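S.K.: Enclosed is the structure file protein.txt (compact mmCIF, C-alpha atoms).
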```txt
# COMPACT_ATOMS: atom_id res chain seq x y z
CA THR A 9 14.38 44.28 19.66
CA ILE A 10 12.28 46.63 17.56
CA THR A 11 10.03 49.04 19.46
CA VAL A 12 7.67 50.13 16.68
CA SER A 13 5.79 48.07 14.07
CA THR A 14 8.28 47.73 11.20
CA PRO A 15 8.08 46.39 7.60
CA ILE A 16 9.63 42.94 7.09
CA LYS A 17 11.61 44.31 4.12
CA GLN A 18 13.55 46.74 6.31
CA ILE A 19 14.49 44.29 9.10
CA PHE A 20 15.45 41.55 6.65
CA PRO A 21 16.97 43.31 3.61
CA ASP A 22 17.44 39.97 1.80
CA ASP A 23 14.42 39.61 -0.51
CA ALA A 24 14.53 35.82 -0.30
CA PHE A 25 14.81 35.89 3.50
CA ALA A 26 12.17 38.61 3.90
CA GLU A 27 9.83 36.38 1.92
CA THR A 28 10.84 33.54 4.23
CA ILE A 29 9.79 35.55 7.30
CA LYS A 30 6.55 36.63 5.61
CA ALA A 31 5.38 33.09 4.83
CA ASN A 32 6.50 32.07 8.31
CA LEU A 33 4.47 34.80 10.08
CA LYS A 34 1.44 34.20 7.83
CA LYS A 35 1.60 37.66 6.24
CA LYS A 36 0.28 39.02 2.94
CA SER A 37 3.40 40.99 1.95
CA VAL A 38 7.03 41.72 2.87
CA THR A 39 6.00 45.37 3.10
CA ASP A 40 3.64 44.43 5.94
CA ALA A 41 4.89 45.53 9.36
CA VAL A 42 5.59 43.14 12.24
CA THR A 43 5.72 43.43 16.03
CA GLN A 44 8.55 42.20 18.25
CA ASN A 45 5.95 39.88 19.77
CA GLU A 46 5.45 38.46 16.29
CA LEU A 47 9.22 38.11 15.87
CA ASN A 48 9.39 36.37 19.27
CA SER A 49 6.79 33.91 17.97
CA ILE A 50 9.27 32.33 15.57
CA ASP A 51 10.60 29.02 16.86
CA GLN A 52 11.74 27.53 13.56
CA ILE A 53 12.73 28.56 10.04
CA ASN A 54 12.88 26.07 7.19
CA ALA A 55 14.40 27.77 4.16
CA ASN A 56 16.53 25.23 2.30
CA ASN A 57 17.47 26.12 -1.28
CA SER A 58 15.85 29.57 -1.28
CA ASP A 59 18.76 31.64 -2.65
CA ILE A 60 19.31 33.45 0.63
CA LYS A 61 22.48 35.58 0.55
CA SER A 62 22.07 37.23 3.97
CA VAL A 63 20.21 36.53 7.21
CA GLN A 64 20.56 40.09 8.48
CA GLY A 65 17.57 40.59 10.74
CA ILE A 66 17.70 37.09 12.24
CA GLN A 67 19.24 38.72 15.35
CA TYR A 68 15.71 39.91 16.22
CA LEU A 69 14.42 36.35 16.63
CA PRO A 70 15.46 35.35 20.17
CA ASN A 71 13.43 32.12 20.23
CA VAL A 72 14.60 30.25 17.10
CA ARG A 73 15.61 26.73 18.09
CA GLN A 74 15.57 25.14 14.65
CA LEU A 75 17.24 26.59 11.57
CA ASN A 76 17.40 24.82 8.19
CA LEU A 77 19.44 27.06 5.86
CA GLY A 78 21.00 24.36 3.70
CA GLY A 79 21.68 24.98 0.02
CA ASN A 80 21.65 28.78 0.13
CA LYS A 81 24.40 31.34 -0.56
CA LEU A 82 25.43 32.44 2.93
CA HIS A 83 28.90 33.95 3.31
CA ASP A 84 28.53 35.75 6.65
CA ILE A 85 26.81 34.07 9.60
CA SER A 86 27.85 36.56 12.28
CA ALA A 87 24.17 37.43 12.84
CA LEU A 88 23.77 33.97 14.42
CA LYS A 89 26.04 34.87 17.34
CA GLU A 90 23.38 35.78 19.91
CA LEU A 91 20.74 33.23 18.95
CA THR A 92 21.06 31.65 22.40
CA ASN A 93 18.23 29.11 21.98
CA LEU A 94 19.48 27.47 18.80
CA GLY A 95 19.15 23.66 18.90
CA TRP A 96 19.55 22.47 15.30
CA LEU A 97 21.61 24.45 12.80
CA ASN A 98 21.91 23.32 9.18
CA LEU A 99 24.27 25.52 7.19
CA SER A 100 25.17 22.83 4.67
CA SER A 101 25.99 23.75 1.08
CA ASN A 102 26.45 27.50 1.54
CA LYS A 103 29.44 29.75 0.75
CA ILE A 104 31.12 29.73 4.15
CA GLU A 105 34.93 29.94 3.83
CA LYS A 106 35.92 30.67 7.46
CA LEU A 107 34.39 30.76 10.94
CA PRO A 108 35.12 33.72 13.25
CA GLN A 109 36.54 32.60 16.59
CA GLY A 110 33.87 33.02 19.26
CA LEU A 111 30.97 32.63 16.81
CA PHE A 112 29.58 29.76 18.89
CA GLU A 113 30.38 31.16 22.36
CA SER A 114 26.77 31.81 23.41
CA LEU A 115 25.08 28.85 21.67
CA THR A 116 25.09 26.61 24.76
CA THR A 117 21.90 24.69 23.82
CA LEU A 118 23.02 23.70 20.30
CA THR A 119 22.83 19.94 19.75
CA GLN A 120 23.18 19.57 15.96
CA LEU A 121 25.56 21.48 13.70
CA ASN A 122 25.83 20.82 9.97
CA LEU A 123 28.53 22.78 8.13
CA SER A 124 29.00 20.24 5.36
CA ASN A 125 29.86 21.07 1.76
CA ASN A 126 31.00 24.65 2.35
CA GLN A 127 34.50 26.02 1.56
CA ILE A 128 36.07 25.73 5.00
CA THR A 129 39.84 25.22 4.99
CA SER A 130 40.58 25.42 8.75
CA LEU A 131 38.89 25.68 12.15
CA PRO A 132 40.05 27.98 14.93
CA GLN A 133 41.17 26.05 17.99
CA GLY A 134 38.46 26.49 20.60
CA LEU A 135 35.72 27.20 18.02
CA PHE A 136 33.56 24.52 19.66
CA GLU A 137 34.67 25.11 23.28
CA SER A 138 31.25 26.16 24.56
CA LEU A 139 29.15 23.51 22.76
CA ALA A 140 28.79 21.14 25.72
CA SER A 141 25.45 19.84 24.41
CA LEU A 142 26.45 19.03 20.80
CA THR A 143 25.51 15.50 19.78
CA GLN A 144 25.97 15.74 16.01
CA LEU A 145 28.73 17.52 14.05
CA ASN A 146 29.07 17.40 10.26
CA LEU A 147 32.16 18.99 8.68
CA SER A 148 32.24 16.76 5.59
CA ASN A 149 32.88 17.87 1.99
CA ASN A 150 34.97 20.96 2.84
CA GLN A 151 38.68 21.71 2.21
CA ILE A 152 40.14 20.84 5.58
CA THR A 153 43.77 19.73 5.70
CA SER A 154 44.32 19.45 9.44
CA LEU A 155 42.51 19.39 12.78
CA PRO A 156 44.03 21.05 15.83
CA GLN A 157 44.37 18.73 18.85
CA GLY A 158 41.82 20.12 21.26
CA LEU A 159 39.20 20.92 18.62
CA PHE A 160 36.72 18.35 19.99
CA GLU A 161 37.78 18.41 23.64
CA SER A 162 34.59 19.96 25.06
CA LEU A 163 32.23 17.82 22.98
CA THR A 164 31.83 15.08 25.58
CA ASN A 165 28.21 14.44 24.52
CA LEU A 166 28.95 14.00 20.79
CA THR A 167 27.42 10.88 19.23
CA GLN A 168 28.08 11.44 15.51
CA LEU A 169 31.15 12.99 13.84
CA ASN A 170 31.50 13.26 10.06
CA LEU A 171 34.85 14.51 8.74
CA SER A 172 34.63 12.65 5.44
CA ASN A 173 35.55 14.05 1.98
CA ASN A 174 38.10 16.62 3.11
CA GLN A 175 41.88 16.62 2.45
CA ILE A 176 43.20 15.59 5.86
CA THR A 177 46.63 13.96 5.78
CA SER A 178 47.14 13.19 9.50
CA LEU A 179 45.37 12.99 12.90
CA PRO A 180 46.71 14.08 16.32
CA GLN A 181 46.82 11.08 18.70
CA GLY A 182 44.56 12.64 21.36
CA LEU A 183 42.04 14.15 18.91
CA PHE A 184 39.10 11.95 19.97
CA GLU A 185 40.12 11.56 23.61
CA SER A 186 36.96 13.16 25.10
CA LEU A 187 34.29 11.50 22.89
CA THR A 188 33.36 8.64 25.18
CA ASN A 189 29.79 8.67 23.84
CA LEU A 190 30.73 8.77 20.13
CA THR A 191 28.92 6.06 18.16
CA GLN A 192 29.66 7.06 14.57
CA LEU A 193 32.96 8.37 13.18
CA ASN A 194 33.31 8.90 9.44
CA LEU A 195 36.85 9.65 8.27
CA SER A 196 36.51 8.31 4.72
CA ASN A 197 37.75 9.98 1.52
CA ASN A 198 40.64 11.97 3.01
CA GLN A 199 44.40 11.64 2.41
CA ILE A 200 45.38 10.02 5.70
CA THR A 201 48.56 7.97 5.39
CA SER A 202 48.72 6.47 8.92
CA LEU A 203 46.93 6.12 12.26
CA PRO A 204 48.80 6.62 15.55
CA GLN A 205 48.42 3.90 18.18
CA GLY A 206 45.85 4.90 20.74
CA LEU A 207 43.80 7.11 18.44
CA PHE A 208 40.66 5.03 19.24
CA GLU A 209 41.47 4.16 22.86
CA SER A 210 38.71 6.25 24.47
CA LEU A 211 35.92 5.40 22.03
CA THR A 212 34.38 2.45 23.86
CA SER A 213 30.92 3.47 22.67
CA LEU A 214 31.85 3.44 18.95
CA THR A 215 29.64 1.27 16.70
CA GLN A 216 30.65 2.43 13.20
CA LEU A 217 34.11 3.45 11.98
CA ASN A 218 34.64 4.44 8.34
CA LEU A 219 38.27 4.81 7.24
CA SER A 220 37.65 3.90 3.60
CA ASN A 221 39.34 5.56 0.60
CA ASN A 222 42.42 7.02 2.34
CA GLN A 223 46.15 6.38 1.80
CA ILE A 224 46.73 3.77 4.46
CA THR A 225 49.11 0.89 3.68
CA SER A 226 49.37 -0.68 7.15
CA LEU A 227 47.74 -0.68 10.57
CA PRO A 228 49.46 -0.89 13.97
CA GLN A 229 48.72 -3.89 16.17
CA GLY A 230 45.80 -3.61 18.57
CA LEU A 231 44.51 -0.43 16.95
CA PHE A 232 40.91 -1.58 17.27
CA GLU A 233 41.12 -3.64 20.48
CA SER A 234 39.39 -1.14 22.75
CA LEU A 235 36.36 -0.88 20.41
CA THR A 236 34.19 -3.50 22.15
CA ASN A 237 30.91 -2.22 20.70
CA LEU A 238 32.04 -1.96 17.08
CA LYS A 239 29.41 -3.10 14.55
CA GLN A 240 30.98 -1.83 11.27
CA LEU A 241 34.60 -1.25 10.21
CA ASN A 242 35.12 -0.03 6.66
CA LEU A 243 38.73 -0.14 5.44
CA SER A 244 38.00 -0.60 1.73
CA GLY A 245 39.74 1.61 -0.83
CA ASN A 246 43.06 1.57 1.02
CA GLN A 247 45.86 -0.91 0.40
CA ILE A 248 46.40 -3.19 3.36
CA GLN A 249 46.75 -6.88 4.29
CA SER A 250 44.22 -9.25 2.69
CA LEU A 251 41.03 -9.72 4.77
CA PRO A 252 37.94 -11.99 4.69
CA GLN A 253 34.62 -10.30 3.91
CA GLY A 254 32.76 -9.51 7.14
CA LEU A 255 33.30 -7.67 10.44
CA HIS A 256 33.84 -10.65 12.76
CA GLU A 257 36.28 -12.42 10.43
CA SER A 258 38.20 -9.26 9.51
CA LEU A 259 38.52 -8.33 13.22
CA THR A 260 39.82 -11.76 14.26
CA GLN A 261 42.22 -11.63 11.31
CA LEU A 262 43.86 -8.38 12.41
CA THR A 263 43.71 -9.18 16.13
```
Please express the file's structure as structure tokens.
M.R.:
Amino acid sequence: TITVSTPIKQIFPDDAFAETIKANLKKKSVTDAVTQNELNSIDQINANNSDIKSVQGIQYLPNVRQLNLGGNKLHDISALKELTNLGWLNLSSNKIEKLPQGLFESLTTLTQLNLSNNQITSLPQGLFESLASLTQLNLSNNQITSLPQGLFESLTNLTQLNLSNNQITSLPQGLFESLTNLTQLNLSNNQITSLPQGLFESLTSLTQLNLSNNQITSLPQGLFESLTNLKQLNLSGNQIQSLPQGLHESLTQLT
């Protein structure tokens, strides 16, 4: 909340981001002032690949529901904390190394979160506790080595989960227990050596499961039995028992 007309440059000190606001609000210059009513007018920002280093000032935009910030240089995203109306958040390909616990506490309307291709090495347990409405979560292409059991436990509405291209070596047995609506699970290109029986027991809605390019040498009996809506199972790039090409013939071969 500003209470006097204030230059865009001084609310958003980032020159790239100030320019972003300017073009958004149909202004002539970043030195032009803006009203809070004009800041309230912003529902969406599309600023991919614009060399943004800081979104300081974004806190003054209560109505943003869509935020494309992919391919910038963001290190600190603490300013996002009170953007209560956020629906889609793309923070892919930035410089994010860690996420403060409680960052997502107030973002109860968020449905899509893309944090892919950052530098994340770990996620606080309970980071996603309040995201009841999330349908899509992309954590691919980071540096993650492990996922705490409980990390996805509140995400009962999740439909897509991409954890591919990290360095994960194992998976807690109850990790996916809550995701009864999950349709797509990408675990490919990690370092997983084995899968615990029951890991996929709750995922009766799953259509596509990608486990390709890991370190798996065998698979426990009945691992995929509960997956009655499976349409695609990719196990290539591991070293397991010989299988026929095709979903139906591979399935019946391992059953």
S.K.: Tell me, as number ranges by chain, which residues lie within 12 Å of stretch 209-218 of chain A, counting only C-alpha atoms; anything in the same chain fewer than 2 positions away does not count.
M.R.: A: 164-173, 181-198, 204-207, 220-222, 230-246, 255
S.K.: Do you have the atom CA of residue A:137-atom CA of residue A:66 distance handy?
M.R.: 23.5 Å
S.K.: When you draw a straight line from atom CA of residue A:88 to atom CA of residue A:111, how long is it in Å?
M.R.: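 Atom CA of residue A:111 lies at a distance of 7.7 Å from atom CA of residue A:88.
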S.K.: For a test of reading the model, state the distance in Å between atom CA of residue A:177 and atom CA of residue A:225, rounded to one decimal.
M.R.: 13.5 Å
S.K.: With a distance cut-off of 10 Å and only C-alpha atoms, select the neighbouring residues of residue A:99, excluding the residue or stretch itself and same-chain residues fewer than 2 positions from it, and output the selection as a PyMOL selection string.
M.R.: chain A and resi 56+75-82+85+96-97+101-104+121-126+146
S.K.: Contacts of residue A:50 at 9 Å or less, counting only C-alpha atoms, minus same-chain residues fewer than 2 places along, as JSON, numbers by chain?
M.R.: {"A": [29, 32, 33, 46, 47, 48, 52, 53, 69, 70, 71, 72, 73]}
S.K.: If we count only C-alpha atoms, what is near residue A:140 at a cut-off of 7 Å, once residues fewer than 2 positions away on the same chain are taken out, given as an MDAnalysis selection string?
M.R.: chainID A and resid 116 138 142 162:165
S.K.: Restricting the calculation to all atoms listed in the file: of A:41, A:55, A:10, A:63, which residue gets closest to residue A:98?
M.R.: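 Smallest distance to residue A:98 is found for A:55.
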S.K.: Would you please work out which residue, of A:261, A:223, A:151, A:28, is nearest to residue A:201 when using all atoms listed in the file?
M.R.: A:223
S.K.: Here is a test: counting only C-alpha atoms, which residue of A:143, A:74, A:62, A:86 is nearest to residue A:21?
M.R.: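 Among the listed residues, A:62 lies closest to residue A:21.
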